[PDB]
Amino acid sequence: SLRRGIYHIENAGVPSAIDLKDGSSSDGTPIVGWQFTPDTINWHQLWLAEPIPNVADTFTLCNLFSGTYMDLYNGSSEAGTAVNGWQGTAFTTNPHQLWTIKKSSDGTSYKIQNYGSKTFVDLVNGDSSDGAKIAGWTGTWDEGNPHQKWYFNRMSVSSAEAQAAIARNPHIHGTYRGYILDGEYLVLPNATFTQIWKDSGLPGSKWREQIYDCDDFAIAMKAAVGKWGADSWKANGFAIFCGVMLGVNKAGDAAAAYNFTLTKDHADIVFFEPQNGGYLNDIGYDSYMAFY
């Protein structure tokens, strides 16, 4: 089954992602195919998939930027029916906004069926153009037609996935304790993490004994990413991935605070030194505490 999470949804036939045109929150804003840049935040192209309780493999798809939902215009089963952003809620019973998402015959891509109409999300004519129509179209679950096949590129981790990434790290102290704060996290490219740091004012902060030392830099970076999350996205039900760790050196006679993020593959953590903005696989400390 598709898991709850944030997805970048990429056509199987051509390199176009499902894009809410101009990120607009207006009802009836067209959802279109659009090119994308890997290892960036594709601002109009991220979708929060919320499973519907007691409806198998069925989800709402909320655009992270607009907070509006993928909507099949008037629930029509006609081929060519507009797919648009529309106001809604994460657990609506409105079938226009409910989507059954299951693996295609290829077994890696998915098809996206409207729960009401039983028609499929279709990049019309397989057009790779920026702004190409996406429509509800006649189809079947088993056919090869790449107009209706979609790679769900997972951009979020669950708290359980973050927990696993930390646990396989070789710089974790024996006494380590982790404190989880949220459920589902958008993983930032290091380019975006770095931009939040650059914009935070930390690069221009002086290290000062106790009054503005490593713990202040690390907590300030975590607050800066929290603020960025709320300010950047209108959807609810997810957090931005940014951890704080406390660590102790090998000699057990010095401690430090720092941040951490996750690799592109979501399998490992990477340490972030918030005084200088460096990324490190080894920061010179074993983590005894983390909150994220």
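Heads up: residue numbers just count along the shown sequence, starting at 1.
Here 230 to 238 and 52 to 60 are compared by their mean Cα B-factor, and 52 to 60 comes out higher.
As recorded in the PDB entry, 198 to 206 is the stretch of 198 to 206 and 174 to 182 with the greater mean C-alpha temperature factor. As recorded in the entry, 161 carries the highest CA temperature factor of 122, 161, 216, 130. The PDB entry gives the largest Cα B-factor of the residues 80, 116, 85, 126 to 116. Per the deposited record, the Cα B-factor of residue 288 falls in the middle third when ranked against the other modelled residues of its chain. Residue 95: CA B factor lies in the highest third for its chain, per the PDB record.
Split the chain's modelled residues into thirds by C-alpha temperature factor. Residue 13 is in the middle one. For residue 187, the recorded CA temperature factor ranks within the middle third of the chain's modelled residues. Annotation for residue 153: CA B-factor lies in the middle third of the chain's modelled residues.
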